[PDB]
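Okay, here we've got a single chain as structure tokens, the form deposited in one PDB entry, with questions on binding and movement later.
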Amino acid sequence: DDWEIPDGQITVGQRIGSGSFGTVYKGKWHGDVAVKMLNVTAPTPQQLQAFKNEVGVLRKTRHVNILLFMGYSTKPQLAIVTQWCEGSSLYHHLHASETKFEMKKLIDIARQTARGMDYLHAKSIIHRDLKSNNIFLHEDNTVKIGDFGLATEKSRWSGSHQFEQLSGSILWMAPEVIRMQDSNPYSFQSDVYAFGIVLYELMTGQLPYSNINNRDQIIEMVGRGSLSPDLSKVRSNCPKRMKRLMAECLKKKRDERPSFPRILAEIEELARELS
């Protein structure tokens, strides 16, 4: 295969992070790359299948707003090679750094994120974990959507042990995803809900549910339909179109949420109005 990179070519440099996703390094290969390695010793069946699936998903993508897949290696380690992203995630900017973006820039971040997601859905790819920490602000001018924490081990059990491991994603999980009444409750429409929460973050500067003190309460109440983000907390310069669009993306009945083509078109119209 054309995207396999022979052993010896990549210089694997600094370790950036390790976790349930494997280990990510900065590397050199015709310039800067990121290298995600999924095993150290002989890979398990699970690891091999996770690697094959991730390469298969990524190889379907060629879009400016989706992390650029570049290649893979299989020996001595399973490795997925992509572009290097330079900067911080949207989550890090908004919630860890007190970055103060101008509204035109908040809308551009929304617009680029919507382009990437519209593209994914056109390629029949449900992201499954859209959230502001997976929206990379590369060189502070380009959004790159990735899945920067994809767990290699998948649980077999549709259960409440899942919520610990997915604690970093609870705020972006649609109500039907929380309730898990289907064995795989993820859809294009659950990605749209997550995008609604991102809109909330951009237009309020805050995470939803900031006054709820524990995750179990969020899980219970969002599941029951008794907790919803406080939309009144949008900043005074929030455009009217964004108030409407955010409420539509957060609709409790999944089939009432708008599609990404419609979301994108609305945000493109807004951006034109502000320019």
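Definition used throughout: the rigid core is the maximal C-alpha set that superposes within 1.5 Å between two forms. Shifts are known only where both forms have a C-alpha. From 1 onward, residues are counted along the sequence shown.
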field: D182 left out of the model in a third or more of other PDB entries
entry: yes
- request: Compare the other PDB entries of this protein and indicate whether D118 is left unmodelled in at least a third of them.
  value: no
query: Do the CA atoms of 142-150 or those of 187-195 have the higher mean B-factor in the entry?
result: 142-150
- line: Comparing 132-140 with 156-164, the higher average Cα temperature factor in the PDB entry belongs to 156-164
field: Options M180, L90, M117, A174 - largest CA temperature factor per the record
entry: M180
message: Quiz for you: based on the deposited Cα B-factor, which of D216, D230, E248, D32 is highest?
response: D216
statement: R224: C-alpha B-factor third of its chain, per the entry, is the highest
task: Classify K28 as lowest, middle or highest third according to the C-alpha B-factor given in the PDB entry, relative to its own chain.
output: middle
statement: Tertile call for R235 (CA temperature factor, within chain, third-based) is the highest
- prompt: What third of the chain, by the recorded C-alpha B-factor, contains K105?
  reply: middle
message: By the recorded C-alpha temperature factor, relative to the other modelled residues in its chain, which third is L78 in?
response: highest
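As for the form deposited in another entry, it is not shown, yet the points below apply to it.
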message: Using the rigid core as the reference frame, would you say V40 shifts its C-alpha by 2 Å or more between the shown form and the other one?
response: yes
- prompt: Has the Cα of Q217 moved 2 Å or more between the shown form and the other one, judged after a core fit?
  reply: no
field: Rigid core fit then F21 CA moved by 2 Å or more between the shown form and the other one
entry: yes
- line: With a difference of at least 3 Å, the CA distance of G19 and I197 in the other form shows the atoms closer
message: Knowing the shift is 3 Å or more, I'd like to know if the C-alpha atoms of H127 and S20 are closer or farther apart in the other form than in the shown chain.
response: closer
query: Relative to the superposed rigid core, which consecutive-residue segments of length 3 or more display CA displacements of 2 Å or more between the shown form and the other one?
result: 18-23, 40-54
